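Residue numbers (the UniProt record's numbering), protein chains in the order written: chain A, 29 to 241; chain B, 60 to 260; chain C, 44 to 263; chain D, 2 to 205; chain E, 1 to 199; chain F, 1 to 199; chain G, 35 to 225; chain H, 35 to 225; chain I, 46 to 260; chain J, 46 to 260.
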Amino acid sequence: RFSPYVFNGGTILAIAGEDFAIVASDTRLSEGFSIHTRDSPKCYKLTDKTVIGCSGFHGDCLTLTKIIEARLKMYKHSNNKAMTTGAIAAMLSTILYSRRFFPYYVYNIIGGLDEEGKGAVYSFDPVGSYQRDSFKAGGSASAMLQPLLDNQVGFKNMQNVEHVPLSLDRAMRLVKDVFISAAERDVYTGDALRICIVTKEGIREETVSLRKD
Amino acid sequence: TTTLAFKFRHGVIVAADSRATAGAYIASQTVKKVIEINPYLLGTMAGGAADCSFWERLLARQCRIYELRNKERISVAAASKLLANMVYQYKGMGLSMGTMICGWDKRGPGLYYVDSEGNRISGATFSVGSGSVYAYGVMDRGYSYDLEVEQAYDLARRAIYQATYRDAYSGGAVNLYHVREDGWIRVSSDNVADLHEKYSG
Amino acid sequence: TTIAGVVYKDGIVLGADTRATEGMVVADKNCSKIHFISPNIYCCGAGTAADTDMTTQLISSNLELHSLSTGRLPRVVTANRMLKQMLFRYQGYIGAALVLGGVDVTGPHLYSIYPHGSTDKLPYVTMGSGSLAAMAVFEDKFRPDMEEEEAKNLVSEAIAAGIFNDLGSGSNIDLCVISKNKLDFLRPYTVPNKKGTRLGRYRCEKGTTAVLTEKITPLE
Amino acid sequence: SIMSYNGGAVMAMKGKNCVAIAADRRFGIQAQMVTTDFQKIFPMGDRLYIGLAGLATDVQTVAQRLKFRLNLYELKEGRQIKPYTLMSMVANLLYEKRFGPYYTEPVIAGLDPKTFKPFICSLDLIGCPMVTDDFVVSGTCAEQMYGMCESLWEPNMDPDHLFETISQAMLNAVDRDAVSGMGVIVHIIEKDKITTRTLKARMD
Amino acid sequence: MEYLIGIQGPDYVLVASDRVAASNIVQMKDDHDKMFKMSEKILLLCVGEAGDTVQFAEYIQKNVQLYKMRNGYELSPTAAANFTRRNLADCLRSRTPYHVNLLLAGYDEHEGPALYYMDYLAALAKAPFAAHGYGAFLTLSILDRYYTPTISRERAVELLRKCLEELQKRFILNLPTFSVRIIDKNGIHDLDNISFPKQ
Amino acid sequence: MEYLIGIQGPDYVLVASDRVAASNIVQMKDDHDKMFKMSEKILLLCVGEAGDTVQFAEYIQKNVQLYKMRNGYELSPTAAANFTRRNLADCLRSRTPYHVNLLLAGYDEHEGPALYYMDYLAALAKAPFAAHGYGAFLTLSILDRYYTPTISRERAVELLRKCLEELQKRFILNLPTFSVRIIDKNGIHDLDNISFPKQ
Amino acid sequence: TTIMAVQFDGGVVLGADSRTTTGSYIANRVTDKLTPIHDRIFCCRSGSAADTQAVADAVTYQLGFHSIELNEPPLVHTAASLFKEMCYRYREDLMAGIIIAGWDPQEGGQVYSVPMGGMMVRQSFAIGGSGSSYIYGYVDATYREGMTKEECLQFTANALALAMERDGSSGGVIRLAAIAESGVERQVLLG
Amino acid sequence: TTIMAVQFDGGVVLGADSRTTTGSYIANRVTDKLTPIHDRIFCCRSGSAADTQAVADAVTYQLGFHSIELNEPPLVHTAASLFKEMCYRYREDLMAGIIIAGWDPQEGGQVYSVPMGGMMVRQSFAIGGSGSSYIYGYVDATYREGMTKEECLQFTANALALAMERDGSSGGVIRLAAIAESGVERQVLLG
Amino acid sequence: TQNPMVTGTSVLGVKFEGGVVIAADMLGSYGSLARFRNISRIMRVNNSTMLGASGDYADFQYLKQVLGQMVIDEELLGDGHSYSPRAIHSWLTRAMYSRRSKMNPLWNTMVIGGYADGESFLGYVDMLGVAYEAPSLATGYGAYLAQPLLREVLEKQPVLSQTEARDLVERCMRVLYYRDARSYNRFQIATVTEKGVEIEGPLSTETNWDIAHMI
Amino acid sequence: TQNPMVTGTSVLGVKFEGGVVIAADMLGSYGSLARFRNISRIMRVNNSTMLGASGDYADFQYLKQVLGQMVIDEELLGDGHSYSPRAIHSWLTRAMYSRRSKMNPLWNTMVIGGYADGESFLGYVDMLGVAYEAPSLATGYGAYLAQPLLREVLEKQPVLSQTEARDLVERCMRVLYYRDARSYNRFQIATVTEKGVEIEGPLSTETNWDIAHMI
């Protein structure tokens with residue numbers, strides 16, 4: 029009969045730096061064995077230091093984005109100051125549990141700066157837990173991207189490899205390489221790439237094309 | 060997923076792993092499972108992330124309300140009772156939750172075990188998770204009441220190492236918390252491979 | 044998977060796309076979907092790959108046997124009859140979506156086979172998952188008795204539209220042209236999608252991995 | 002799944018003049034492991050191995066059946082076997098159980114008997130072959146090893162960097178995997194010699 | 001349901017089953033024997049659907065005795081293990097499947113002791129110690145804590161004593177008495193029957 | 001699953017539950033207490049879905065203590081038994097049913113001792129001796145062989161000793177320790193903890 | 035889908051649409067839905083395709099072999115009996131809407147109908163196909179006993195026209211067949 | 035079962051069979067399938083019976099009350115809107131094949147159709163009922179734009195004749211209704 | 046609505062230079078029976094935006110009613126302010142999502158086309174609430190059939206004229222008449238510019254069948 | 046046959062003094078569509094017995110073929126011996142039971158009428174093998190509808206004449222035309238006597254509808 033969910037796919041990445049939070053996502057929105065569009069950015073700029081990405085079922089992504097924007101305006105228009113990052117994370121966790129028994133079929137990744145001015149990536153689950161980690165890859169191409177980030181960001185499973193702090197342009201070449209390499213094997217990934225960078229001076233965006241199939 | 064807790068002469072030991080999979084796929088390696096409720100309570104994560112996290116946060120809220128109303132710190136049994144009463148109101152709707160509650164009491168040590176099935180019981184040793192039986196085995200080898208401190212440290216650490224060695228759904232860093240009369244204290248966060256090199260011989 | 048067939052003024056031009064997916068992950072980037080039957084008759088497969096492969100090798104064996112017993116060039120209708128009889132004998136259990144094309148003494152003859160046993164003679168067919176885009180290009184821009192380069196451009200355009208629709212291939216669309224005398228077969232026809240160049244260098248070093256137990260075994 | 006009953010992961014990778022095949026060590030029922038020394042890579046003649054992943058029953062059964070047919074072929078003809086011949090043989094053996102299928106994904110990696118040409122291929126559970134040039138994988142975990150090998154592969158590889166590349170790929174994709182782990186065995190072969198190394202993988 | 005343990009040593013194999021033949025409420029028989037002396041140095045244990053156990057004992061035991069009478073010598077443990085695995089794997093894909101969970105204990109003049117490990121899906125294993133059941137869980141934690149490859153046989157008996165004393169502590173089933181064998185360069189020597197008063 | 005015997009005497013009621021709180025593989029707690037002192041002469045036992053047992057204990061225990069503080073005196077066992085039956089019969093036909101198995105043990109100054117027997121379908125019974133679980137089956141024949149309405153308490157303790165000694169003989173579960181109460185003209189007297197070393 | 039056969043005094047006249055569909059997509063736009071077996075006897079099919087194709091091939095085999103062994107032109111009732119036996123034997127597995135027609139030297143033009151079950155009956159006109167219910171609505175209104183050839187052609191033309199116009203599955207193009215003592219006349223109409 | 039409504043220049047003409055069946059047994063042999071609501075507006079029903087009876091009664095209630103409160107003769111499109119609202123708001127449990135027709139002073143004769151879904155459309159002719167597909171086969175064949183009253187009566191007579199003859203559920207007796215500016219003229223034919 | 050009774054079929058819409066053209070056909074099939082062969086499946090909203098839909102026609106009548114009432118209300122405000130097409134798109138997306146959250150979905154597939162304030166707009170609303178913008182939309186089987194022609198020519202030519210857009214729509218509707226079983230040879234073209242909203246008449250197609258003369 | 050495609054309807058039969066009359070109609074309905082409105086549902090077996098059936102018409106064609114061949118075989122024996130109707134009844138009962146024992150039943154409901162050696166015979170055979178003798182049989186819905194009229198007149202008068210039987214059959218077929226949905230106003234009467242076997246033509250009914258002029 030009528031099924032309430034459908035798998036739209038998508039791939040969202042986040043990298044927590046020393047003083048930066050890079051969030052990137054493809055803009056392919058598909059369904060089954062078709063393509064609806066080649067421009068639908070999963071990223072959204074909430075404040076000057078907060079970018080949220082939402083993948084999975086698209087209508088829940090739109091609804092959740094608008095509700096989060098409303099509650100952001102409620103906190104600002106009530107308490108004369110913007111929210112932190114962890115407050116937005118806690119609030120989103122309360123929302124995702126507030127529809128526990130009819131869940132959002134949505135993966136969520138919040139990147140941004142803390143109050144010390146450092147990078148912080150808050151992952152999520154469809155039901156409403158979160159944790160402060162250094163890097164996450166959400167969506168269909170999660171498993172195509174997590175071990176390579178374990179190899180490069182974490183320097184894991186290696187010997188006599190020292191730990192260098194992750195710079196900016198190195199992280200940029202990392203993001204470009206992982207999206208090309210993941211777009212080679214995935215079916216739910218390609219046609220563009222919208223890279224959002226959160227610094228202490230604003231939000232940057234960047235459009236890098238990909239393969240057209 | 061494998062957690063354990065046991066009380067003895069010098070307080071309560073709480074240890075846990077940090078692996079949280081998703082079906083056959085591991086999500087993360089550093090999931091801090093022992094949820095720090097208070098400066099005198101420690102809650103865990105035993106089956107489900109969101110349910111344990113949410114309901115323990117709601118219990119922490121309720122306990123803070125209780126303390127700010129009575130100017131007197133809550134007991135352990137009261138917290139376990141409040142948790143069981145709040146969890147019981149969604150029975151059959153599909154909540155998975157098997158957490159543990161640890162803390163210090165007016166009576167002293169307190170150790171209860173609260174399920175989403177509502178099996179609120181007291182006791183001295185408990186272990187929750189898929190590979191909990193391994194921890195039961197090696198712990199009930201090494202268990203006493205009159206143990207020392209570093210002996211209990213070695214017991215919990217060896218136990219979680221054996222559990223993650225046999226089970227497939229467990230791994231990551233071994234946290235280790237210690238509940239005292241005044242407050243709980245994190246001991247150490249030890250990786251599996253470090254324990255393999257140290258304890259393999 | 045998007046295969047197509049057509050009949051120009053002399054023979055048949057077939058096309059294919061070579062992304063062999065296994066579930067949701069691209070498992071192959073180069074899979075020969077155009078199979079051998081005879082020096083004049085070829086075949087394409089879709090759906091379950093090994094079923095199409097084993098069936099087309101059996102039927103090619105049977106037609107090689109019959110042609111060497113007879114002593115002349117095979118007919119397409121015999122291949123059609125064997126295929127429809129076999130697939131009806133399996134009662135539609137085996138999923139093998141086939142396109143059959145060849146040039147006999149009578150001329151060009153194109154058949155498409157649906158895995159229960161329903162066959163059709165057509166001037167142009169499309170089969171597969173993304174067959175609809177190539178059938179769109181065919182129904183837009185087909186006319187009877189085209190020339191050679193015209194037909195090649197049409198089939199390339201159709202499979203290219205199938206690649207710009209979903210589940211096409213990265214591959215450089217395969218073509219094959221059968222005439223009354225001249226057989227051609229062209230794997231790297233047109234490459235639209237170049238792989239992006241590496242930006243650095245994720246090269247490992249001589250010793251970055253701990254080794255527990257070595258062994259050396261000499262040979263001849 | 003039924004493929005995820007006993008776990009398993011087999012990787013084969015073609016280098017420049019040599020070829021490297023690696024697999025995991027873990028054996029166990031769905032969540033309970035038993036041992037770390039279960040063999041999944043078998044010698045089939047010289048400079049040519051095969052890897053099997055999936056249900057262990059079909060692994061040992063198909064391995065002994067294939068050894069049966071292999072020795073019958075190498076005794077009927079004094080020469081040694083070409084890898085395409087072995088690929089077709091495994092395809093025929095799997096396709097004989099079209100409706101009674103084994104649950105396995107065989108991976109063949111071997112050299113040329115006349116030249117030093119490497120060879121890799123993989124098959125499906127009904128006998129669908131697939132020859133490539135870079136790498137083939139099988140088992141429960143797929144996307145991990147696809148992401149790693151599409152991240153790390155180079156066309157022209159000395160055997161040392163080949164060993165380190167397949168080492169890092171197997172270690173990271175196995176450490177992210179749950180049901181397949183507990184050590185890695187690696188066979189790196191060439192025209193001159195045969196090397197078998199075991200890595201210090203995470204025992205978690 | 002229950003478990004029969006199989007600890008391997010340097011030059012011995014320590015097997016120990018139970019004596020329980022219960023049916024779903026009551027314990028019908030408290031002196032049951034699951035031990036099947038194949039040859040002078042080869043034992044066999046069996047747990048599963050208890051109508052299949054006896055027919056396996058008939059088939060395997062008597063066909064190995066037939067081999068013994070045919071050629072001139074005792075089987076290896078390895079060929080016997082493969083023969084059992086082969087008959088499981090052949091009888092599985094039919095209208096009449098077998099559902100048993102085995103493990104094999106043998107002794108070669110050249111290979112010394114050997115332990116194998118089946119399943120109801122015909123999987124071989126060469127184990128230092130293997131298990132089945134729920135006692136699998138409990139006995140394997142204690143045994144994998146306290147294992148030494150160069151361990152003496154009385155240490156193994158003491159280890160088994162300790163492991164059983166922790167079996168009678170957090171288990172739901174009864175398991176009152178365990179019988180114990182050993183295999184050496186001589187043959188099968190039966191040790192004393194191992195029960196405990198609990199409290 | 002487990003067990004509680006409910007022997008009625010001439011002037012005493014002999015109840016005895018276990019101390020087992022297992023969950024599906026392991027015995028998590030071996031000193032559990034299912035005994036709920038309602039008043040100075042009224043006991044209550046409970047077995048069922050173990051999240052409902054405690055909530056029933058809360059409702060019944062505290063509402064009986066509420067009755068005691070309300071009027072000035074203790075309920076009869078009969079009216080208390082009927083109130084429990086009434087709350088079962090009301091709670092059954094809803095969206096939230098209870099699946100517990102009770103029996104009630106009281107003592108009146110005028111009626112003397114009284115034994116009742118619930119079920120998961122809210123049925124009253126005025127029984128000479130009751131039980132629950134699977135040991136129920138085996139044990140009531142044993143008790144009904146050697147029963148006398150005018151039986152002394154030491155005969156009842158010896159009979160229960162015998163009943164446990166035949167419980168540890170053909171039962172599949174473990175049940176190592178049983179706690180024992182008694183009710184008299186004084187009140188609730190706890191007898192000694194009854195365990196057996198089996199072998 | 036929609037197939038039709040009308041006899042008259044001299045011979046018979048057949049007709050069908052083409053438009054073989056699968057679900058909601060048209061797989062093939064033009065189809066030889068009616069099939070020659072002998073040079074004077076046709077059959078037109080509906081329902082599933084592979085069933086009717088295999089049945090028609092085996093009937094062609096048996097009927098050609100039998101009529102060569104007789105060294106006489108075959109009967110129509112013979113082919114109807116053959117289709118009856120093969121339809122009835124595997125009613126558990128076949129879906130045949132086979133309608134037999136054809137001129138005969140001994141008996142003239144005849145029309146037999148074999149629906150999805152496997153019964154055999156002689157009629158003067160027949161419908162068939164999922165979109166045949168409508169022209170089956172008015173085939174007992176417009177038909178007149180004792181038509182000519184052109185009246186049968188115009189009749190079936192209007193019939194298959196309205197059937198193709200109304201049913202969603204029906205459509206495509208109109209194929210006709212005229213069988214008499216003289217010859218076999220096939221044509222492709224639109225209108 | 036089979037219901038039909040045809041308009042002409044002056045007014046509209048309705049028609050139905052009777053034969054209310056349950057399973058394979060006829061429970062009632064003669065039935066008023068078309069129902070007066072107002073003195074100038076009819077409706078004819080299909081699907082389940084009790085559903086359409088309750089819906090027609092509630093529409094009669096609301097429409098009569100509204101048209102008395104207007105102190106003007108009601109519209110037909112209004113009643114079509116009322117059936118649309120009651121069918122569409124609570125579909126899911128009902129099976130209504132309601133067809134509205136009736137003369138109006140402002141707009142003449144009109145025919146509206148409400149099928150099982152709940153959509154509303156104006157037509158020049160309409161079918162309805164399970165055995166209506168056949169005469170729906172040829173109602174686009176025999177119809178001519180701009181008939182008279184007698185042509186509509188003969189038209190619907192042939193329609194309901196063939197519908198009663200062919201469908202098993204249809205049958206019974208013929209009921210007619212003629213609505214114009216002058217009056218309402220109903221009649222009962224048989225054989 | 047759990048089970049759609051009377052469905053439409055594919056709807057095509059595409060922008061051009063200062064306008065959006067939308068064309069859909071006029072068929073009301075129930076199952077396989079083409080029961081209602083003269084219906085209107087495009088609403089000409091007030092002066093800027095314009096709606097075309099698929100799926101259950103009754104639900105489209107319902108949304109026609111509701112949207113008509115809302116547009117009438119804002120036009121009776123008399124403030125000189127109207128609805129932008131994107132506002133209508135947002136309201137319709139929220140409406141469909143709140144329908145399906147209560148497990149009572151509206152079985153539709155809707156296309157919103159509008160031209161206001163120099164910029165064209167072409168929005169999509171699904172039954173499940175999936176909603177986006179696109180330079181060319183295609184619903185039902187049109188996303189399988191006439192979508193690659195749109196994406197072919199828009200890649201081949203990024204800007205368009207009004208004539209090229211109308212001709213391309215005519216060709217795509219001809220193709221949909223060729224191989225959709227739920228299709229019909231009668232369609233209407235609707236066009237918005239700054240000059241207003243215009244609904245053209247019931248056009249038809251010109252077909253070819255010269256492949257039928259082959260065997 | 047698991048699912049009956051083309052079913053008949055009720056069959057009526059009743060003995061009288063030296064003969065058995067059987068009448069069934071001529072309709073071949075598929076579902077509700079009366080697809081084959083001119084078919085024959087009574088076989089006139091050689092000279093004494095006679096068969097009429099319901100259910101799947103194809104199976105009746107099959108049993109017609111087999112029974113025809115067996116009767117032809119015994120008549121070609123040339124021994125002067127024929128099948129008694131009770132022998133036909135026995136063979137058909139064993140055939141249906143061995144048919145249904147293999148879980149592939151013949152969907153029928155058969156009536157065997159015969160007159161041989163002074164005595165009439167009228168046997169019944171079900172799909173399940175239920176078989177008996179009766180002075181009046183009624184199949185399908187006839188056992189619900191026209192059975193009590195038969196059992197009334199046989200209770201009111203135990204013997205009959207041919208004319209009374211024929212009139213009663215006409216009345217019962219009229220009643221079955223009134224309130225069976227699967228019925229049709231065209232039937233044939235078949236009669237056996239000592240004079241042979243006779244099949245009458247396609248008769249019809251005379252109906253009444255004067256209750257329709259009531260409200």
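Note that the Cβ used here is the ideal one computed from N, Cα and C, for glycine as well.
Opening and closing residue of the beta strand (DSSP E) in which residue i lies
i	result
residue 237 of chain B	233–238
Whether residue i touches residue j by CB criterion (9 Å)
i	j	result
residue 90 of chain C	residue 48 of chain C	no
residue 173 of chain A	residue 39 of chain A	yes
residue 130 of chain B	residue 159 of chain A	no
residue 152 of chain J	residue 247 of chain J	no
Supposed close pair residue i, residue j - CB separation, criterion 8 Å
i	j	result
residue 60 of chain H	residue 226 of chain J	6 Å
The segment 27–37 of chain D touching the segment 112–125 of chain E, judged by at least three CB pairs closer than 8 Å: Because the criterion of three Cβ pairs below 8 Å is met, the segment 27–37 of chain D and the segment 112–125 of chain E touch.
Is it true that the segment 50–63 of chain I meets the segment 125–134 of chain I, where meeting means three or more beta-carbon pairs spaced less than 8 Å apart? The way I'd put it, the segment 50–63 of chain I doesn't touch the segment 125–134 of chain I; fewer than three beta-carbon pairs between them come closer than 8 Å.
Interfacial residues, the segment 173–198 of chain B to chain E, with Cβ spacing under 8 Å: Under the 8 Å Cβ criterion, the segment 173–198 of chain B contributes 192, 193, 194, 195, 196, 197.
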